[PDB]
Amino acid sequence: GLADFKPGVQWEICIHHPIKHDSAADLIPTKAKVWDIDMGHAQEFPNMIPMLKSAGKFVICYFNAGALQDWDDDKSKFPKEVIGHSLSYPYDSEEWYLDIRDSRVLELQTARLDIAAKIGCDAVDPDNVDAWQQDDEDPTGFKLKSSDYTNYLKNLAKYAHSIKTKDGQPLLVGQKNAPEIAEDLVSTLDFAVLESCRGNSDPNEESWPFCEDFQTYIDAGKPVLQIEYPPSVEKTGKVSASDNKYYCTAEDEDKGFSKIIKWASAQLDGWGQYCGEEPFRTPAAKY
């Protein structure tokens, strides 16, 4: 339902493992109408998106727009010159920021958009578009400006908005975080996916709240898909009473967002919780 794809829509995100999809009954939680899944997992399990579509779901395909990963099928096509610092620089890792000004990166990323369109995705959720140099600290090594990310996302959107999905409509493109450029992108992009817009319940964490910067998407009739990671979950397996107050108590700044509680940014698995409800778990497919 593209009709359903509007502010307030219920959703689930599960990118750490493939979702189970033998039947519609596997698609826990059943009230989620929007499903954000890893584009690779959808290719590895070819009946996944068909199953989602048969159950009436709108499908968002996650991919990594701003960083290259050691396991990417297309990794060998990226020149060394566009590969920057490890996401744990100075330590080597399996993930490295890309020079998203570069035409070669754009070409490779648009080929991924072609795949998203071919396999049945209604939309894409492009990651890591927030790594410009800030306060004399440079995440990528390329000394990127916030406007470089605005331009890149506009280029991704221009491409996606020129190709059709399997349901016969333009491919949609989300904004992932990057609150500073929401006002510059809201006309172009189709929705937002946020992590920790409410900040952090540990006030000593550097985590300035930014939910208010995405009200402009709600104003445009575009959903804001809001992920919160209460610290207590990763530590204890449960949302503490104090974390429930911090993340779930009604506030103007995230009014109208589609809020979900998840385990950790590095563990966006099937576990989840809606405010005012017990947790659920989307089951995993087996390799």
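Numbers for residues come from their place in the sequence shown, where the first is 1.
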Per the entry, higher mean C-alpha B factor between 88 to 96 and 121 to 129:
88 to 96
Averaging the C-alpha B factors as listed in the entry, name the stretch that ends up higher: 6 to 14 or 273 to 281.
273 to 281
Comparing C-alpha B-factors across 116, 181, 83, 157 in this entry, the winner is 83
For the listed 220, 250, 225, 61, which has the peak Cα B-factor recorded in the PDB entry?
250
Third of the chain's Cα B-factor distribution that residue 112 belongs to, per the entry
lowest
Third of chain Cα B-factors occupied by residue 101
highest
What third of its chain's C-alpha B-factors does residue 212 belong to: lowest, middle or highest?
middle
Residue 191, C-alpha B-factor rank within chain (lowest, middle or highest third):
lowest
Going by the CA temperature factor in the PDB record, which third of the chain does residue 258 belong to: lowest, middle or highest?
lowest
